[PDB]
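Asker: Protein chains in written order, with the working numbering: chain A, 101 to 164; chain B, 37 to 307; chain C, 5 to 118; chain E, 76 to 214; chain W, 21 to 57.
My questions all concern the structure below.
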Amino acid sequence: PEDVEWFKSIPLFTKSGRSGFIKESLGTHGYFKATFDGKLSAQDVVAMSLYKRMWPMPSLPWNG
Amino acid sequence: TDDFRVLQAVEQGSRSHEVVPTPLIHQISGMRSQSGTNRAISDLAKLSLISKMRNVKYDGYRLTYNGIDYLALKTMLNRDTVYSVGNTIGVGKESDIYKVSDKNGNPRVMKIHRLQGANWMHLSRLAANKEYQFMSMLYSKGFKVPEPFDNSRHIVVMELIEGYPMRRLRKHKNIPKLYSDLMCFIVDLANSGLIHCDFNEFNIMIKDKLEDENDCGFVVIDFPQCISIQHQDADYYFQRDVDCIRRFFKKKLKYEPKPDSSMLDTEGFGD
Amino acid sequence: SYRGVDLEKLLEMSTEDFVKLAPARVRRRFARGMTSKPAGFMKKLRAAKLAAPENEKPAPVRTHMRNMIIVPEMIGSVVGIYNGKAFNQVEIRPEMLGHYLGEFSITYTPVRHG
Amino acid sequence: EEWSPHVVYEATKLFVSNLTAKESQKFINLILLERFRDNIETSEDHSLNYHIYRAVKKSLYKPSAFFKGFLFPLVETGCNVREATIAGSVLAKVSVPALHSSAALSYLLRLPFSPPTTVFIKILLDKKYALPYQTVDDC
Amino acid sequence: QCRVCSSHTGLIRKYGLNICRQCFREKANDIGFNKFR
RNA sequence: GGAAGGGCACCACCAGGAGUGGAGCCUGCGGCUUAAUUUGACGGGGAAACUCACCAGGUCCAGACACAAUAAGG
RNA sequence: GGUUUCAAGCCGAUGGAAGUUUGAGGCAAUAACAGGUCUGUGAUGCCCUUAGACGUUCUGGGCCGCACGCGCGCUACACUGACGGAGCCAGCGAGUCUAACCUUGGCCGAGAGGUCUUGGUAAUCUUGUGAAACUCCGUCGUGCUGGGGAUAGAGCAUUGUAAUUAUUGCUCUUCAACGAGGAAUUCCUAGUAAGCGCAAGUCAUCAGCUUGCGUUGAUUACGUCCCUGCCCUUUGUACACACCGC
């Protein structure tokens with residue numbers, strides 16, 4: 101449930117593109133109660149995206 | 037920055053005409069495609085920040101009280117003010133008072149004004165500006181009064197003060213000097229040229245610093261009742277202030293005046 | 005003293021004689037009846053009292069029945085009363101007679117404003 | 076017929092898991108069938124609760140008792156479609172020996188035609204057991 | 021407790037008939053309390 | 001069109017009456033707190049059990065048919 | 001009898017139980033409701049098909065917690081009043097079966113209450129519901145008082161399996177803010193307001209919850225659109241989108 105609780109600032113996007121924001125984890129198993137745009141069916145994906153900063157990698161000569 | 041700037045642009049797309057149609061909010065923003073403008077207006081309407089008036093052959097967009105204060109928050113993002121919003125202490129008539137906090141973490145007071153289409157907003161704006169200028173006049177004259185931070189077009193953000201009203205204050209030790217204070221302060225009001233007719237128990241706010249040094253002050257919030265001395269009925273207004281002080285100090289503090297209190301004819305040789 | 009009675013004289017009393025020294029609430033509680041399962045719980049309680057070393061504290065027994073009158077049979081046991089979430093272990097004193105078990109276990113966190 | 080469906084569930088477990096094939100036939104045909112038809116008949120939406128469904132589920136452990144007691148006079152008393160779906164899920168979920176399933180199919184194919192009987196025959200054809208040739212000839 | 025159609029919302033719990041105010045005005049023309057004044 | 005004119009109302013005003021907001025407390029909402037203070041904007045939502053829709057736990061019962069093994073000395 | 005093209009009609013007065021449409025509410029046809037489900041049917045679309053509890057339980061805490069804000073109510077700030085006696089005035093309801101309802105009466109207890117019965121499935125008994133406010137006579141003597149009753153202590157009883165964060169009732173004691181109340185706010189024209197209690201549903205126990213009933217019974221309008229709005233219209237109009245400085 102702390103996964104739902106401490107991550108509240110990160111917005112909810114549905115896989116159908118519908119935005120939303122969490123209220124809380126309705127269950128202690130991280131089953132959560134959320135408010136969305138519209139009447140979703142049970143088939144879409146409630147999702148978040150988190151980003152790691154990537155960095156370039158070195159190079160070397162190659163004599164055949 | 038950018039979305040707040042375009043929301044400021046459609047804020048500036050309000051001081052052009054009356055109830056604004058759809059393509060003016062398309063073009064005053066000057067954005068790229070149908071996407072940004074239409075999905076922004078839908079985000080406004082679903083959060084009740086805008087409303088649709090469809091008067092025959094004519095779409096139009098009706099701004100309610102909701103989708104303004106963000107811009108004021110943006111206006112207060114400019115002026116170093118509040119970051120966190122909401123704690124209800126007092127729902128008044130011409131304002132709703134909230135306890136808020138800045139980025140710095142000090143709690144402040146957010147009086148939103150709700151006094152539609154232009155006139156509710158604009159009269160809340162005139163009320164906030166008028167009260168801010170009256171607060172400026174009181175602090176410029178030197179009256180002990182809360183210090184104003186800003187007047188975000190129609191929402192006044194000011195300081196919080198540790199005080200409690202006099203109805204729950206039994207007494208103090210220096211009662212006759214408190215009577216001389218609450219006589220001489222109405223004398224100072226008449227020397228300002230004004231009379232605050234609602235000089236009641238709920239008005240006067242006392243901050244309490246210590247019990248040894250006795251370095252404290254007062255807070256007087258009577259803004260839609262201050263009346264200039266030139267008006268028709270200021271005599272018994274002044275006398276109601278004086279006599280409410282005296283009847284409270286007789287009823288609560290059990291104090292009768294040994295010096296005679298000032299009259300209006302006494303204070304006519306003042307300012 | 006519970007009614008001006010010495011402690012060890014109180015200790016060997018039955019439940020019904022303690023009802024004979026009880027207030028009206030305890031008397032009318034016991035006069036209507038009691039469940040069969042706290043009898044086996046008291047047998048477990050006295051077995052854990054028989055699992056006590058000399059000159060020390062007995063085995064703590066955890067309890068849910070918060071509405072039970074502390075009868076002088078249970079004086080001296082270390083009892084973990086359940087508050088709805090957790091168990092709190094208190095030694096039963098002769099100062100605790102006539103009370104419910106629910107009176108000795110706080111069921112919620114305090115509310116801090118100022 | 077004035078019990079609760081929990082009580083009918085527990086009494087069906089008791090009186091099928093202990094009583095014999097003819098005795099639980101009489102139990103289900105007298106006590107479960109009339110309470111069954113009065114729960115569904117006297118209601119305005121003509122459906123059934125979940126614990127009578129569990130009772131009819133637990134009544135199939137002796138299959139002689141189940142088919143000779145529950146299913147066979149019910150279709151002759153008027154079977155509707157909620158009884159079909161509920162007792163067909165009963166007939167599907169519990170593993171039944173093939174002989175009494177075969178006698179049940181031989182019963183249900185002979186009946187006056189009804190889509191409830193079609194649901195029950197459809198459930199008995201979801202088994203694909205080792206049927207005797209008389210049950211195949213009834214098909 | 022609604023013992024007819026599981027309709028606890030607005031029971032009329034008086035006299036044990038126990039019909040919700042939605043379905044009570046469905047079955048209002050079966051008992052006899054009808055509109056006079 | 002931000003022209004003016006009528007209704008016609010004690011959810012408007014005048015004649016008033018009882019008042020609320022003043023004290024204490026009951027009770028509904030918001031806020032805070034929590035492990036939960038279940039959830040709506042009176043919800044027949046009167047209230048220890050139930051109702052309970054919320055927490056701390058402890059548990060049953062799942063899953064049909066097909067299909068490879070496994071057999072009545074098990 | 002005024003008023004009205006002296007027309008459909010309005011107003012003042014008389015007779016009338018009733019003379020403002022004697023007053024209120026239900027009823028259609030036409031033109032809006034995705035308004036709220038049916039535990040609906042359809043090789044319907046689609047995440048899994050179940051180790052999920054969605055189903056079940058069983059305990060104990062909650063839903064009541066508190067610097068505060070928004071609001072409605074109860075009780076007061078007393079002498080047109082509190083206490084102590086006496087008189088004892090209604091009406092709407094409501095009541096038990098294959099159960100424990102309404103209870104009369106008699107004894108015990110300071111009471112709470114308890115005991116023993118009896119009547120009533122009801123215009124019959126509870127019931128004449130001998131309610132409260134009210135009437136009279138004494139105590140008080142304006143003094144946060146003999147107004148207030150918040151808070152707290154002690155025990156005793158009742159319903160409930162379980163009364164602890166006390167369900168509630170009874171006895172004694174502890175006697176707080178509160179000296180007619182601000183900015184502002186609500187409702188209202190005759191048995192209406194206001195004061196009062198009672199009965200019925202919430203009712204296992206209690207109301208400060210809702211509804212009907214009856215007792216006592218004012219002031220003052222019977223005018224207005226001046227505020228608050230709500231409409232109804234009349235039409236000056238779209239600059240039919242113009243210039244700019246920006």
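By construction, the Cβ of each residue, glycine as well, lies at the ideal position given by its N, Cα and C atoms.
Under 8 Å between the Cβ atoms of residue 173 (chain B) and residue 183 (chain B)?
Answerer: Contact: no.
Asker: Could you tell me which of B:100, B:280, B:97 and B:232 sits nearest to residue 260 (chain B), measuring between CA atoms?
Answerer: Per the Cα distances, B:232.
Asker: Which stretch, first to last residue, makes up the beta strand (DSSP E) that contains residue 90 (chain B)?
Answerer: Run containing residue 90 (chain B): 87 to 91, per the beta strand (DSSP E) assignment.
Asker: Shortest alpha-carbon distance to residue 145 (chain B) belongs to which of B:269, B:95, B:69 and B:123?
Answerer: Of the candidates B:269, B:95, B:69 and B:123, the one whose C-alpha sits nearest the C-alpha of residue 145 (chain B) is B:123.
Asker: State buried or exposed for residue 161 (chain B), treating a residue as buried only when at least 16 other CB atoms are found within 10 Å of its CB.
Answerer: Classification for residue 161 (chain B): buried.
Asker: Which of helix, strand or coil does DSSP assign to residue 239 (chain B)?
Answerer: Of the three classes helix, strand and coil, the one that applies to residue 239 (chain B) here is coil, per DSSP.
Asker: Is the beta carbon of residue 180 (chain E) closer than 8 Å to that of residue 196 (chain E)?
Answerer: In this structure, residue 180 (chain E) lies closer than 8 Å to residue 196 (chain E) by Cβ.
Asker: Which of helix, strand or coil does DSSP assign to residue 36 (chain W)?
Answerer: Here residue 36 (chain W) sits in helix by DSSP.
Asker: Hey, residue 137 (chain A) and residue 149 (chain A): beta-carbon distance below 8 Å or not?
Answerer: No; because the gap between Cβ atoms is not below 8 Å, this pair is not in contact.
Asker: Which whole-angstrom value describes the C-beta separation of residue 87 (chain C) and residue 110 (chain C), a residue pair presumed to lie in contact below a C-beta threshold of 8 Å?
Answerer: That belief holds up - the Cβ atoms of residue 87 (chain C) and residue 110 (chain C) are roughly 6 Å apart, short of 8 Å.
Asker: Could you check the C-alpha separation between residue 16 (chain C) and residue 9 (chain C) for me, to the nearest Å?
Answerer: If I take the Cα positions, the gap works out to 12 Å.
Asker: Reducing DSSP to helix, strand and coil, say where residue 85 (chain A) ends up.
Answerer: No information on residue 85 (chain A) is available, as it lies outside the stretch 101 to 164 that chain A covers here.
Asker: Which partner residues does residue 200 (chain B) have in the DSSP bridge list?
Answerer: In DSSP, residue 200 (chain B) forms a bridge with B:242.
Asker: Where do the ends of the alpha helix (DSSP H) carrying residue 3 (chain B) lie?
Answerer: One cannot answer for residue 3 (chain B) here, as it falls past the ends of chain B, which runs 37 to 307.
Asker: Kindly indicate which three-state DSSP category residue 182 (chain E) falls into: helix, strand or coil?
Answerer: Three-state DSSP puts residue 182 (chain E) in a helix.
Asker: Where DSSP assigns a beta bridge to residue 134 (chain A), which residues make up the other side?
Answerer: According to DSSP, which records beta bridges pairwise, residue 134 (chain A) is partnered with A:122.
Asker: Report back the beta-carbon spacing between residue 125 (chain E) and residue 92 (chain E) to the nearest angstrom; my notes put them in contact at under 8 Å.
Answerer: Not confirmed; about 20 Å, so no contact.
Asker: Determine the extent of the beta strand (DSSP E) in which residue 230 (chain B) is found, giving its start and end residues.
Answerer: 230 to 232 is the span of the beta strand (DSSP E), which, as asked, contains residue 230 (chain B).
Asker: With 16 other CB atoms within 10 Å as the buried threshold, where does residue 154 (chain E) fall?
Answerer: Result: buried.
Asker: Thinking just about the alpha-carbon of each residue, which of B:37, B:243, B:84 and B:239 is nearest to the one in residue 111 (chain B)?
Answerer: When each option's Cα is compared against that of residue 111 (chain B), the closest is B:37.
Asker: Quick one, are the C-beta atoms of residue 218 (chain B) and residue 143 (chain B) less than 8 Å apart?
Answerer: No. Outside cutoff.
Asker: Quick check: the region 57 to 66 of chain C against the region 27 to 39 of chain C, are there 3 or more CB pairs under 8 Å?
Answerer: No, the region 57 to 66 of chain C does not touch the region 27 to 39 of chain C.
Asker: Of the residues B:253, B:104 and B:282, which one's Cα is nearest the Cα of residue 200 (chain B)?
Answerer: Selected option, being the one with the closest Cα: B:253.
Asker: In the region 118 to 168 of chain B, which residue ranges form an unbroken beta strand (DSSP E) of at least 3 residues, counting only runs that do not cross its ends?
Answerer: Listed in chain order, the complete beta strand (DSSP E) runs (minimum 3 residues) inside the region 118 to 168 of chain B are 124 to 127, 132 to 137 and 143 to 148.
Asker: Near residue 273 (chain B), which residues of its chain fall below 8 Å by C-beta distance, leaving aside the five closest residues on each side in sequence?
Answerer: Excluding residues within five positions, the ones whose Cβ falls inside 8 Å are 231, 233 and 263.
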